[PDB]
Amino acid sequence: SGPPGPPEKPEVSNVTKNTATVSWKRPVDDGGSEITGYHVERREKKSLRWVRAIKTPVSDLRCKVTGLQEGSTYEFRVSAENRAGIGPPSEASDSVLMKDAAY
């Protein structure tokens, strides 16, 4: 009974100039104990390092990510944690370009 497995590929939606919604599913493998929260990370397209996209983990399976740079392209990934700790991350989401209202 250890940490969870990866969630499935997250989905990104409701993209504005500096916010987006990231949604995902509960990992198929919870490691044998209840999922207590999720880490969400982001990576600018063709940058190497993944960084925190939210200040602290969330419990719901979606969140509004803020503080994104207009004109930049980002991908997101999600890691689940249980009482035993953090599991490996999901595969990266599709990338999204941060652009303001197209109308």
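Heads up: residue numbers just count along the shown sequence, starting at 1.
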**OP:** Name the higher of the two by mean Cα B-factor in the PDB entry, 35 to 43 versus 66 to 74.
**Re:** 66 to 74
**OP:** Would you determine, from the values in the PDB entry, which of 9 to 17 and 91 to 99 has the greater average C-alpha temperature factor?
**Re:** 91 to 99
Original post:
Which of these has the highest Cα B-factor in the record: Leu61, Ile54, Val28, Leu48?
Top reply: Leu48
Subject >> Ranked C-alpha temperature factor of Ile86 among modelled chain residues, by third >> reply: middle
